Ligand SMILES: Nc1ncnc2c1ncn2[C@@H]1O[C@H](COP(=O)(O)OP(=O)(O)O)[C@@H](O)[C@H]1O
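Consider the single chain below, provided in structure tokens and representing the form solved without ligand ADP.
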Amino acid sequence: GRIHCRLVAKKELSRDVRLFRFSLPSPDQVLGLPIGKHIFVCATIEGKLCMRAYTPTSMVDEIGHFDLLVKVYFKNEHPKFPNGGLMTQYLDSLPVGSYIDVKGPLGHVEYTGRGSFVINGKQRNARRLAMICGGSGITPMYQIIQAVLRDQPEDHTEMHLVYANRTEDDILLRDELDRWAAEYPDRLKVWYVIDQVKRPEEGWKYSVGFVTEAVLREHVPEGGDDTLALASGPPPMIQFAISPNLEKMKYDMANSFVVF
């Protein structure tokens, strides 16, 4: 359903990493979007209305505003299409004060009470989870995580996330995890993997490269019957290294391999 939010404010978290403050129309209510869903930000562009799915990441309690951290897809910086992209750039260029158009809640995943999941029709109850994200696919997962640890200490579920990302500096929500899953052990299991390691001198101890069975062995639990997987990332980073090795890792692919 539409809404008339607005660019209340902008905080470009780094190089090409935005932090958008689109407030609500009526600041007394929430962008009440069920944990398992996302908005379809409508910004009429070119001859289309570039409806791009997005899950803000901030707190559900937060009244009258919803936060979106973006990874802007700039120009003259990338082969195959040097250009970047109409919409994200457009969301950058877009100056504050300008009213946007939101659209919750268009999804399939959704977290019921403590532990269980409702899902595309059915619903499946899971104790320990598998969170092999990828890129800025952290947020739609964060949507589950934070909630799971807020509903604590009674939810007390297990999450073995695998923040798949491309480089050391490109670990978006580092701390919001790397602060969290320290004070909360048994609860969440963080893991960070990276192709390029900019500063060996910082001292890297997490994975170096991309998702492979060995990474998917220690950092991920057994599937069998009872464990769900909540993946998120570039399709190839799914066809060859999330679906195959996990297809072999005695887990269920059809019945529960979820993406968003």
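Numbering starts at 1 and runs along the sequence shown.
The same protein has a further form, the form solved in complex with ligand ADP, not shown here; the description that follows concerns it.
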Exercise. Report yes if any heavy atom of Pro234 sits within 4.5 Å of a heavy atom of ligand ADP in the deposited complex; otherwise report no.
Key: yes
Quiz item: Would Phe117 count as a contact of ligand ADP in the deposited complex, using a 4.5 angstroms cut-off between non-hydrogen atoms?
Solution: no
Practice problem: Using a 4.5 Å heavy atom cut-off, state whether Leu24 contacts ligand ADP in the deposited complex. | Solution: no
Practice problem: Consider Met249 of the chain shown here, and say whether it contacts ligand ADP in the deposited complex, taking contact as heavy atoms within 4.5 Å. | Solution: no
Self-check item: Of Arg124, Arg166, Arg174, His156, the one that lies within 4.5 Å of ligand ADP in the deposited complex (heavy atoms)
Solution: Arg166
Self-check item: One stretch from 93-101, 147-155, 131-139, 180-188 that, in the deposited complex, holds residues within 4.5 Å of ligand ADP by heavy atom
Solution: 131-139
Quiz prompt | Members of 240-254 lying within 4.5 angstroms of ligand ADP, judged by heavy atom, in the deposited complex | solution = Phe240, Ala241
